[PDB]
Structures are given as C-alpha cells and as structure tokens.
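Only one structure is covered here, and it is reproduced in the block below.
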Amino acid sequence: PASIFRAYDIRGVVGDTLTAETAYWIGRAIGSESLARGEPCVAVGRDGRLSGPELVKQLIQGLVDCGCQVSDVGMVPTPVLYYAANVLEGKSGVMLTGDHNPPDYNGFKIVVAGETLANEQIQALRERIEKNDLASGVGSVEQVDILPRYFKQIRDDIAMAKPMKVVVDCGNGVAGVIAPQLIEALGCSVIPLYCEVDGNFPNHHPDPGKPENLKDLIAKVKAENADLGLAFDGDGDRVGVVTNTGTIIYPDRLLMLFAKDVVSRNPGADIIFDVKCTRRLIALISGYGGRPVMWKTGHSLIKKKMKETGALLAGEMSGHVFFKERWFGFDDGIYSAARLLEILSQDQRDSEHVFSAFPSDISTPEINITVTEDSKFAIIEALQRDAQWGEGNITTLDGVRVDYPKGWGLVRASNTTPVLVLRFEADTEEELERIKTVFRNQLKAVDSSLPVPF
Ligand SMILES: O=P([O-])(O)O[C@H]1O[C@H](COP(=O)(O)O)[C@@H](O)[C@H](O)[C@H]1O
Ligand SMILES: [Zn+2]
C-alpha cells in the first residue's frame, strides 16, 4: 500500500496497512538503499508500542538479509536512535515508531548515510520492493546498550547554575525510559507524570501540541509550585513547555530563547524555523546578527535544510527543535529540555518572566480545515497562481505566507492529513481579523464551498 509511504516517514495501522511481512520488505528496502550509499551499518530502535517486538524483528531481519550490520539499541526514544546513528560505526538508522498516533499505529523514521529520508526518497523504498531492486547478503546483529552513552553525553555538557523543580509528563510514551532520570541528573527535582511506558496510552495521548494534553501538567506545576513543566510526545522528538504560572510557551517562542543563546556564541549563524513560526523570530535572529532561514514544515525537511545551510539551530512550531551547536543536528525534545533548563537556571527570574520579556503578539492556534486529499495541494496551487496577495512579503516555499509590518498569515497543506493548516498573528486583535478576512476571501475565491472556520 503506497498510502503508508508518507512525505516525512512511513506510518501504517499494524495488521491492516502495516503487517509483519511489509515491515520485513521495508527493512530489505532500507538495507538495500543504505548499501547503495556505501553504508553497511544500521542502528535499529523502537518506541513503547505493543506491536514493537513483533515488527522490529522483521525490520531487523530485512536489514540483515541485505548483508547489513545491525546495531539493535532496543526500546529508545527516537532521538536516541538518531544519536546511535551519529556515534556508532554507521550513519544509518531506523526507528520503529508510531509516535503519538493511536495504539494500533506504527511506522518508520529513517536515516541513511547521514540523511533523513523524505518525499521521493521514501517512495524510492516502495519502488525497490516492487522492482525487487533489493540486496541479498548475510548480515549481522549486535546488541548495543546506547542509553547510558546518550545520558552521559548530555549530562556532561549541560551546566545548570541553580536547582530547579520540574514536572515532567511523558504521556506514557518511551521518553519515560530516560527524560525524568536525565533531567534529575542535571540537578533538578522531577515530579513525574505518566512516565511509565505503556503502549496502551491509558491517560492522555502524548501530544504536547494540543493544550488538552497539557492540563494535568499545568495543574501539577501549580499544585507543587514547580519552576517549569515539560511534556514529551510519544517518541521524544517533540517537547512542550509550561511556565511556573502555567503559561503554555509555544515552540516558536521557545526558539526565540534558544536563538538568543546560540547566536550569542556564534556570530552570523544560520537559524531555521518553519513557516508556522512567529515573524518575531525572524526579527530576533537578525537583530542578534544571525541569519534567519524560513523553511518547510516537516522534521525530515528541516533536517535536510540544516545540512544545506550549516544552521546551528532549527525549530518547528509543532515542537521539534534541532540543535547542531554542541550537538548533532537532529530533533530531540529531551536534549532541548536540557538546553532550556540550562538557560533558565542562569536567570534569577522565574520562567514566566523570562518568556514574558520577549515580544508576544495576538495569535491564533494552528487552525485546520479538513479538505479532500485530492484537492489540498491544488487549493494551495490556486492560491499561489490565482490569488492577488499584493503586497506584503509573500513566501510560497510551503503554502502561502504573507508578512506585513504588524502581522502575518499562513495557509499550507498538511503532509500527514487531508487538511489545510493556517496560523495568523498580529500586534492587535483588529489587525489579526483584517488578515483573517483577506485569507478567508482568498480561499472562498478558489472554492466558495470551502469551510472557513475563522
Ligand atoms: O510527528 P512527526 O515526526 O511526523 O512530525 C511532523 O508532524 C506534523 C505533520 O506536519 P503537517 O503539518 O504537514 O501535517 C508537523 O506539524 C510537524 O512539524 C512534523 O515534523
Ligand atoms: Zn514525535
């Protein structure tokens, strides 16, 4: 089924669209692709899902039947798998994960020879299977215990000044295997919330991008008078943040704090953010002498862009934050949490006042309009072709973004759902609704039937 080969990764329903047999052939396809790039060595990890044991053995056998040398790192967060692919012999790795999709989902995040696959590169794996353009060989499997290396890597490079008390919510995802322990080892007291790994995800699904999944966290932070709240998503490559007073700090505001710190030590450094992030981030980066690079949404696309630009830091609005400075340049919520605590601990102000000090504007959440999968990209192309946007700085690298003096707006197509994704920001509520109006008029110009929920 080509439907499981997605823009950023592979994702399927275990049994239905993703079976044991398909996991094997995906392994052969990846192993074959790795060998074609001259990399026999592949690390393999999995998240906390129930299907993980079943499917990962098939992934591994697929790799091994190509002649690949597999390093099995067991059940780890996604960033720990990316880490393994940076410190072991090979620069390839596959993470078996369904991230924060419902329990029955699983999938693959794939790096081959240092490069995170996306778009045509993921299609190329399906194509190898169909064509039987597959390597055959007698590979090897080695058990590798990678967590302690990861844990010590971070701990030894992080220096907190003051002690902090932190609520850590892992939503019963695999971040529980290390984030509470690592964070404590930095010099914090950790209040654990849903830190037990449970593939059933009994409490709230680990999706920090939705405020409903941060309610328990916010509540505990306040109840325990904690210095900060942290939530990790299913596989640990997203982080969500809450202040001592329960304010949700969206990832583009988090990136402002990170950009200030990275740019400070690294004059001129390129800093990447996706099209969903506040314009205030463009200003800030530039004001500290950095180079802002706006790019496409999607972690694979962002990681590729970091290689093309030499960026020292990237972030997406969904909460993937990619440090190259002092790190390896992959997205990692657990490392980003540590880098955050390091910065906050130097400050005599509480976390609410650190973040409230930066400019904040009136801002919508991410807005979604469900359209048909047939129509979503065409709608955008129509907006790019047909629509007169004047006027503002118009960016078309991913959807249509328009930047004005006192605000901005975005419409893009999701690469994971049949939806249009919108965000609007302005200095004032008045300006915000004026930008909303323009976008609503332009969508209804393409198709008067289109839902416009804003
Ligand atoms: O969970 P992941 O690792 O696949 O991460 C991906 O999930 C979402 C799907 O993107 P889209 O807006 O195109 O649907 C994005 O918001 C996020 O930025 C991206 O990295
Ligand atoms: Zn994730």
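Letters for chains follow the order of the structure tokens (A, B, ...), residue numbers begin at 1 for each chain, and ligand numbers begin at 1 in the order shown.
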When DSSP works through the backbone of this structure, what residues of segment 97-255 of chain A end up as helix (DSSP H, G or I), shown as a PyMOL selection string? chain A and resi 120-131+147-157+174-177+179-185+211-223+251-255
Residues within 7 Å of ligand 2 (only C-alpha atoms and all ligand atoms), as a ChimeraX atom specification? /A:99-100,233-238
For residue 153 of chain A, find every residue with an atom within 12 Å (counting only C-alpha atoms), except residues of its own chain fewer than 2 positions away, and show them as a ChimeraX atom specification. /A:80,83-84,87,146-151,155-158,182,185-186,326-328,335,338
Keeping only C-alpha atoms, take the residues you just selected and write them out as a PDB file, in the first residue's frame.
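This went into out_37.pdb:
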```pdb
ATOM      1  CA  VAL A  80      18.285   8.206  20.941  1.00  0.00           C
ATOM      2  CA  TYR A  83      22.081   9.618  18.353  1.00  0.00           C
ATOM      3  CA  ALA A  84      23.096   5.984  17.799  1.00  0.00           C
ATOM      4  CA  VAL A  87      28.142   7.758  17.381  1.00  0.00           C
ATOM      5  CA  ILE A 146      23.118   3.131  23.873  1.00  0.00           C
ATOM      6  CA  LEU A 147      21.083   4.911  26.603  1.00  0.00           C
ATOM      7  CA  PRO A 148      23.949   5.324  29.101  1.00  0.00           C
ATOM      8  CA  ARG A 149      26.118   6.965  26.381  1.00  0.00           C
ATOM      9  CA  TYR A 150      23.345   9.324  25.398  1.00  0.00           C
ATOM     10  CA  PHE A 151      22.601  10.098  29.053  1.00  0.00           C
ATOM     11  CA  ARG A 155      24.642  15.461  31.343  1.00  0.00           C
ATOM     12  CA  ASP A 156      28.361  16.150  30.953  1.00  0.00           C
ATOM     13  CA  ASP A 157      27.779  19.053  28.539  1.00  0.00           C
ATOM     14  CA  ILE A 158      24.940  20.686  30.463  1.00  0.00           C
ATOM     15  CA  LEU A 182      18.320  12.596  32.816  1.00  0.00           C
ATOM     16  CA  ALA A 185      20.830  14.090  36.846  1.00  0.00           C
ATOM     17  CA  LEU A 186      21.221  17.688  35.571  1.00  0.00           C
ATOM     18  CA  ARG A 326      27.133  21.374  20.813  1.00  0.00           C
ATOM     19  CA  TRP A 327      25.089  18.536  19.322  1.00  0.00           C
ATOM     20  CA  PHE A 328      24.465  16.552  16.138  1.00  0.00           C
ATOM     21  CA  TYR A 335      18.122  17.415  24.701  1.00  0.00           C
ATOM     22  CA  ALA A 338      18.071  20.122  28.931  1.00  0.00           C
TER      23      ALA A 338
END
```
Between atom CA of residue 279 of chain A and atom CA of residue 399 of chain A, distance in Å (one decimal):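 Between these atoms lies a distance of 16.0 Å.
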Using DSSP assignments from the backbone, pull out every residue in segment 305-341 of chain A that falls under strand (DSSP E) and give it to me as a count of residues only. 6
Compile a residue-level contact table for chain A against ligand 1 at a cut-off of 6 Å, reporting for every qualifying residue the shortest atom pair and its distance in Å to one decimal, with only C-alpha atoms and all ligand atoms counted, rows ordered by chain and ascending number, as a Markdown table.
```
| residue | atom | partner | partner_atom_place_in_ligand_line | distance |
| --- | --- | --- | --- | --- |
| A:297 | CA | ligand 1 | 18 (O) | 5.0 |
| A:298 | CA | ligand 1 | 20 (O) | 3.7 |
| A:299 | CA | ligand 1 | 20 (O) | 3.8 |
| A:316 | CA | ligand 1 | 18 (O) | 5.5 |
| A:318 | CA | ligand 1 | 18 (O) | 4.8 |
| A:414 | CA | ligand 1 | 13 (O) | 3.5 |
| A:415 | CA | ligand 1 | 13 (O) | 3.7 |
| A:416 | CA | ligand 1 | 14 (O) | 4.1 |
| A:417 | CA | ligand 1 | 14 (O) | 5.7 |
```
Spatial neighbours of residue 134 of chain A, max dist 8 Å, only C-alpha atoms, sep filter under 3 positions, as a ChimeraX atom specification: /A:28-29,32,66,128-129
Best match for closeness to residue 114 of chain A among A:92, A:437, A:395, A:101, counting only C-alpha atoms: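 Nearest to residue 114 of chain A: A:92.
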Could you list, as a PyMOL selection string, every residue within 8 Å of residue 245 of chain A, counting only C-alpha atoms and ignoring same-chain residues fewer than 6 positions away? chain A and resi 221-222+352
What does the distance from atom CA of residue 42 of chain A to atom CA of residue 295 of chain A come to in Å, to one decimal?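 Going from atom CA of residue 42 of chain A over to atom CA of residue 295 of chain A, I get 28.9 Å.
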